[PDB]
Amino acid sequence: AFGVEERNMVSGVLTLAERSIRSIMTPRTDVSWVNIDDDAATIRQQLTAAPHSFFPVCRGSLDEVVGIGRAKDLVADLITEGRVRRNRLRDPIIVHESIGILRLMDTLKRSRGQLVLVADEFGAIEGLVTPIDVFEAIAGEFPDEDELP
């Protein structure tokens, strides 16, 4: 009744509680984030080149997060107003890496499509996670358009 795919997924589920958030998250070095101080042309190019829809919007560096922006809203602001509208950003959802995957899933269920940032106590961004990252731990890779197929 069941085959290799199911067995692998069941194994995945039974190891979630042992794996770290660090092991599944998109790491700091691969975070795509918008520097609100960049010029409109630069940001616009970045938004179209990335496969992602939500972006931390920050002032000068990744750790200086002002909010989370939706690409489709950001592009509109940048074209018509020449800058990101700060008051249109969503509040970040942020967790510590130590909470583990089961607790993180509860948070992701409440995040309504928004990425979750992983940060230390001093506010340093360690990475970010979405439901896809957890699902991959169960069912295997769903690579982005700019990742190996």
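Throughout, we count residues from 1 along the sequence that is shown.
**Q** Mean C-alpha B-factor higher for 122-130, or for 13-21?
**A** Per the PDB record, 13-21.
**Q** Tell me which stretch, 54-62 or 107-115, has the higher mean Cα B-factor listed in the entry.
**A** According to the PDB entry, the answer is 107-115.
**Q** Which of these, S32, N87, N35, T42, has its C-alpha atom at the highest B-factor, as the entry lists it?
**A** Of the options given, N87 has the highest CA B-factor in the PDB entry.
**Q** Based on the deposited C-alpha B factors for this chain, I'd like to know if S98 is in the lowest, middle or highest third.
**A** It falls in the top third of the chain.
**Q** Place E5 in the lowest, middle or highest third of its chain's C-alpha B-factors, as listed in the PDB entry.
**A** Highest third.
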